[PDB]
Amino acid sequence: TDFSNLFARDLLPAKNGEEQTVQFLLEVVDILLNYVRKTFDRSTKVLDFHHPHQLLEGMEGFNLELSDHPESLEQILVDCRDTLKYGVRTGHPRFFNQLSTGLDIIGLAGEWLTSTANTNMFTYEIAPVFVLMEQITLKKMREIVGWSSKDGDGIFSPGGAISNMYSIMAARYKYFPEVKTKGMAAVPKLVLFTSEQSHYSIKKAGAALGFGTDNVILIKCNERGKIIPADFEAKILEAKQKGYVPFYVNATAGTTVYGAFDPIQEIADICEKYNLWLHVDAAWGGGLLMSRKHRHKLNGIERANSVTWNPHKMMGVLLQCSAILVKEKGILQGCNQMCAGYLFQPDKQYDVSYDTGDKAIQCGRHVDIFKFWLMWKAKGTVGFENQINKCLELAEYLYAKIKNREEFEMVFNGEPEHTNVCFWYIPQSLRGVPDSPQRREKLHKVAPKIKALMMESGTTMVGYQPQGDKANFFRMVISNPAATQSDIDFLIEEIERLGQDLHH
Amino acid sequence: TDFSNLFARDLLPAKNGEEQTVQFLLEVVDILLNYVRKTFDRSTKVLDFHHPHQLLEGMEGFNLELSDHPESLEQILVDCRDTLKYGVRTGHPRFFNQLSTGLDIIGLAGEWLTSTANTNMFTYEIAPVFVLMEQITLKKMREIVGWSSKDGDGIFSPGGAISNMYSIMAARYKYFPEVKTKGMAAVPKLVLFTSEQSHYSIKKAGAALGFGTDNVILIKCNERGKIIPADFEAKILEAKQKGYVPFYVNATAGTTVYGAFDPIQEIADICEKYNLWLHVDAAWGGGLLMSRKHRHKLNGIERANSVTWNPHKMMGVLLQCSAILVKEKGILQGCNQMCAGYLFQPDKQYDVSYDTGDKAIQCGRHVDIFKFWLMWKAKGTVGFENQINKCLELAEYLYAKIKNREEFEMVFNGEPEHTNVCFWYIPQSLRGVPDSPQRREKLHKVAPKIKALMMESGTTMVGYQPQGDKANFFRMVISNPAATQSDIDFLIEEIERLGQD
């Protein structure tokens, strides 16, 4: 009869709704604090798995349907509790399913404040502090990349896929600025280059931006999943022999599956020779720039024309936090500006070059900076460094543990460059067969079955995927500071235990 | 002591940091609660304005610079307090600067939960509840638009600008699917049509997607800022006469400045006749679909092939909340899919049609659904309706108040269709008049001066802008349920006060 007789219409801005608003929000916070507590407790399941149809039918009875009339605030609080009950705990020490794992407390605080501030990034006028924080943070990132203060630009975007899109748009504007007014049909045939094992967002941007996927050329990778530079130069020559114009390459920089690093320095030499825009996709591998021990894997990045870097991956900033960094200033502005009305707006009393909105592809833009800035203040560069180092350390631990075991087979020959560890579990019946197309078809079914059993028990989660002619394999990854040695020991033992229950 | 010698490294996941984690977060919440309290208090300033260099060149105990070593949690709490101190209160009853104004308490709660859940929208695997909420909500939105309850399509996007971009991509794939593989050079000179007063995101997507801005054709508007269908038809004929290929029109649907509504039904007739994709940009005007009294302004929308609708504007959902709705299912999937790795994954144990990420242009995608879904549960459709109705009511009040005053001049002849009220403050010197390029040069300087004085005093904020040949004018807008009639009285009196100063 308290919250069960109260409605949202009775809260602020409703006259003198202050105390009840405070009490409601404190009741919400209480629910979230309990969830935060349980996230770091290993007795808690990673997830209570339900098929889509189970939750759609009233489970139980959590009602997802919408209606004409309001529910009570008590029912709203119940809906909050149930939503968290049936979701996946992405902060759990034993959640290894994605590249982004864990729950940073400072990041969480930063997020809660950002939501309270509730503003757009497009002008200094309504986001003065956040605009300056972005400027400070972006330049710091460019310094870490190895670029000089002489030049530099950048913006945060809604995901690294869109950061990658930015780089291609910027590269096309630098070389063929007439595309903006006249379109793709008014310039020569432009061709892009990316690794066979690079992220699909390159092809996606290729299609979206009017290049066509036929004109996104995949470069051959060696055994370790790295671009072979000789193939890159050969593809360039092949393109211009038929009258096409090579203008852009994407180097990764920490691939999504292998965690491989493309040889940036060799690629840069070829780019300098043929005048190609060099983009480095460090969405995943960019975290390693924070480590003195590991940053050498990105050597040559200082020669890139642009860099994609996702703090929301390795640095464990909360979703989303993705930057595109561009060496030369003015390219993003020139490429994207429409000088509308109305929003920018040259006769403001302040320097309108702080209205960053017109160099974006977005109009309205969510504030992603505060959570990241605050975390950097709370940790220091050394904080990120130590965190990244231990993640990579326990990835080495994992690799060494399974490296020479009969139960496991490594997908490729080579030490992992990132926290990615790619392996098959080999069931007893398959050990020493040997390798055959019939063996691969049976092996293919092993990973999805084990994953199904993982999700049913809710003990752990890890991703599986095929690649090229390889059958489904586990891609283990570590980015969660909550993950410990015993959590890795647990996972290994769990996969083995579940590999002995393939008969359901 | 307390937090003076505690650090982030001592909090969870650190072994014994549970008690200090809870206490820290409760101290953060306390700061946010005080800010929420003050947001709805009219004694509080909307903003304490500072030039960028003023904030950069040191504020007391507040360093923006980053360093190698951590600050104490006490200093972190101070940084939070200072950040909010020097920002703009977008929830303030007297904040009228943008189309998105106000602070919804349920929306705020929803946001806090979403951040705690911290997940991606791309698969049912890691976002089971949120994926279903999105499916339920999108179909409800399609029903409100007037489309079928079965099938249909849509997705939430990071802004209405990108929702607009989706619609052009979808139309292009529907009409010219060869572009995806061959590029734009395989189908020379495709053109897009949009109003002269439509949102710049159409031109922006035109440039980005390879059409060229030359091939984004602007349609003439009448006195009231509406597309002249006449005109629309004439430009189509002109375009195909020179060999170009029309395929797409954008109708708005609630324009950013005038708040005008394009005549969708007449445009739809022309689209049906010439086989053009009809997109309705209801980013701003879409909130009016929730009102039985006002939804008629969007009559014909049921005939659209796609609709952009931003709950984060009129419905007052916290940024960002934007949907693209597509009548025909499978277009977004066909247009956008890359069928990678990873993730998708076709051989999962659950129905993989519930993995929706491959029809997006994004890979990773922020959960924008919960805050919106929760607000809808908390308010009901009737809740949104009553809220929308009062905002439009006090926009009528404003219009009537200044309509026949010597101090004010209306930018165009006609009653506002939305909450947008466009007017000049005319100082004594320019009464009256006559209209000339010489006079417009003087009037242009008025609005920016008053705005500068507004921001200095921090009493209120309202936008100003030019359009075509018109000098800078004020564009008042109302979307904040906290705004009252007395706040409208205050703003008007404040404009007049600042007007001769």
Side-chain angles (χ1 to χ4, degrees), chain A residues 66 363-364, chain B residues 121 130-174 194 198-199 201-202 205 248-254 261-262 264-265 267-268 271 276-291 295 297-315 317 320-336 353 356-362 365 368-369 372-373 375-376 381 384:
Chain A
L66 305 161
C363 180
Chain B
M121 281 301 297
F130 302 133
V131 166
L132 297 181
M133 283 174 175
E134 187 160 289
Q135 176 186 120
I136 297 301
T137 308
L138 287 170
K139 82 158 287 197
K140 181 78 162 184
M141 292 171 86
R142 294 192 293 271
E143 289 167 347
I144 292 155
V145 164
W147 297 342
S148 167
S149 286
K150 64 179 186 190
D151 307 318
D153 212 353
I155 191 158
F156 283 84
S157 93
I162 290 171
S163 292
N164 282 171
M165 188 184 71
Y166 268 111
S167 80
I168 302 166
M169 288 177 68
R172 185 171 62 182
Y173 189 77
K174 165 97 269 193
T194 196
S198 69
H199 193 263
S201 59
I202 306 300
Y248 175 103
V249 70
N250 169 59
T252 329
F261 287 81
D262 287 340
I264 303 174
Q265 203 89 234
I267 292 158
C271 286
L276 267 66
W277 180 287
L278 168 57
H279 172 73
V280 173
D281 187 355
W284 175 226
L288 271 66
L289 291 165
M290 304 301 285
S291 166
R295 72 159 292 127
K297 286 160 187 178
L298 299 94
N299 276 356
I301 193 166
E302 74 278 351
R303 291 211 270 160
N305 300 104
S306 66
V307 177
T308 286
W309 183 351
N310 289 9
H312 76 72
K313 295 197 181 197
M314 263 308 265
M315 295 187 277
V317 183
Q320 282 177 307
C321 193
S322 178
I324 177 72
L325 310 174
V326 185
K327 177 130 82 185
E328 186 184 326
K329 192 170 161 60
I331 298 175
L332 290 173
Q333 183 72 41
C335 177
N336 288 313
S353 72
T356 295
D358 219 7
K359 70 211 257 193
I361 181 61
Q362 286 177 109
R365 177 167 67 100
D368 293 330
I369 188 61
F372 178 30
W373 179 91
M375 280 174 63
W376 207 325
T381 305
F384 286 118

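To find a chain, count down the sequence lines: A is the first, B the second, and so on, and within it residues start at 1.
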*What distance separates B:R172 CZ from B:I331 CD1, expressed to the nearest 0.5 Å?*
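Atom-to-atom, B:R172:CZ and B:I331:CD1 are 14.0 Å apart.
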
*Nearest 0.5 Å, what's the CE-SG distance between B:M375 and B:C321?*
8.5 Å

*Under 3.5 Å, is there a donor-acceptor pair between the side chain of B:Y166 and the main chain of B:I361?*
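Side chain of B:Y166 to backbone of B:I361: a pair is present.
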
_Quick check against the 3.5 Å criterion: does B:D281 have a side-chain atom that pairs as donor or acceptor with the backbone of B:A283?_
yes

*B:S167 side-chain N/O to B:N164 backbone N/O, donor-acceptor pair under 3.5 Å*: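 Side chain of B:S167 to backbone of B:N164: a pair is present.
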
*Is there a side-chain contact between B:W373 and A:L66 (heavy atoms, below 4.5 Å)?*
yes

*Min side-chain heavy-atom separation B:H279-B:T308 under 4.5 Å*: yes

*Spatial distance of atom CG (B:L276) from atom SG (B:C271) [nearest 0.5 Å]*: 5.0 Å

*Shortest non-hydrogen contact from B:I155 toward B:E134*: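 Shortest heavy-atom contact: CG1-OE2, 4.0 Å.
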
*Would you give the length of the straight line joining atom CH2 of B:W376 to atom OG1 of B:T381, rounded to the nearest 0.5 angstrom?*
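Between atom CH2 of B:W376 and atom OG1 of B:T381 there are 5.5 Å.
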
_Suppose the criterion is side-chain hydrogen bond (donor to acceptor under 3.5 Å, both in side chains): which pairs have a residue in residues 137-147 of chain B, not counting sequence neighbours?_
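Matches after skipping sequence neighbours: B:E143-B:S149.
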
_Shortest non-hydrogen separation from B:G287 to B:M314 and the atoms involved_ = CA-CB, 4.0 Å

*Worked check of side-chain contact (heavy atoms from CB on, under 4.5 Å) between B:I144 and B:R295*: CA-CA 10 Å; B:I144 292 155; B:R295 72 159 292 127; 4.0 Å; yes

*Taking B:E302 for the side chain and B:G300 for the main chain, is one N or O donor matched with an acceptor at less than 3.5 Å?*
yes

*Just say parallel, tilted or perpendicular for the rings of B:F372 and B:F156, cut-offs at 30° and 60°.*
perpendicular

*Is the number of heavy atoms from other residues, nucleotides or ligands under 6.0 Å of B:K174 NZ greater than 12?*
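At most 12 heavy atoms, drawn from other residues, nucleotides or ligands, come within 6.0 Å of this atom.
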
*State the CD1-CG distance between B:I264 and B:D262, to the nearest 0.5 angstrom.*
7.5 Å

*Under 4.5 Å between any side-chain heavy atoms of B:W284 and B:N310, yes or no?*
no

*Is a side-chain donor-acceptor pair under 3.5 Å present for B:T252 with B:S198?*
no

*For residues B:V280 and B:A253, report the shortest heavy-atom separation together with the two atoms involved.*
CG1-CB, 3.5 Å

*Can you list every salt bridge (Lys or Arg N to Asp or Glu O under 4.0 Å) pair that touches residues 153-162 of chain B, not counting sequence neighbours?*
B:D153-B:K359

*Of the non-hydrogen atoms in B:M141 and B:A323, which two are nearest, and what is the gap between them?*
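Looks like CE-CB, 3.9 Å.
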
_Could you measure the distance from the CD atom of B:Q333 to the OG atom of B:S353? Nearest 0.5 Å is fine._
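Answer for the CD-OG pair, B:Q333 versus B:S353, is 10.0 Å.
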
*Is there a donor-acceptor contact under 3.5 Å from the side chain of B:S148 to the main chain of B:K150?*
yes

*asked:* Using side-chain heavy atoms (C-beta onward) and a distance below 4.5 Å, is B:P158 in contact with B:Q362?
replied: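 Answer yes - side chains close enough.
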
*asked:* Could you check whether any side-chain heavy atom of B:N336 comes within less than 4.5 Å of a side-chain heavy atom of B:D358, counting everything from C-beta outward?
replied: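 SC-SC contact between B:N336 and B:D358 ruled out.
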
*Over all heavy atoms of both residues, which pair between A:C363 and B:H199 is shortest? Give the atoms and the distance, please.*
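It is SG-NE2, 3.5 Å.
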
*Non-hydrogen side-chain atoms of B:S322 and B:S157 separated by less than 4.5 Å*: yes

*Could you pull out the closest heavy-atom pair between B:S163 and B:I324, with the gap in Å?*
O-CD1, 3.5 Å

*Flag the pair B:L288 / B:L298 as yes when at least one side-chain heavy-atom distance between them is below 4.5 Å, and no otherwise.*
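Yes, at least one pair of side-chain atoms sits under 4.5 Å.
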
*Would you mind reporting whether B:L132 and B:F130 have side-chain heavy atoms less than 4.5 Å apart?*
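No, too far: nothing below the 4.5 Å cut-off.
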
*asked:* Apply side-chain contact (heavy atoms from CB on, under 4.5 Å) to residues B:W309 and B:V145 and explain how you reach the verdict.
replied: CA-CA 10 Å; B:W309 183 351; B:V145 164; 4.1 Å; yes

*asked:* Main chain of B:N305, side chain of B:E328: is a donor-acceptor contact present, judged purely on distance under 3.5 Å?
replied: no

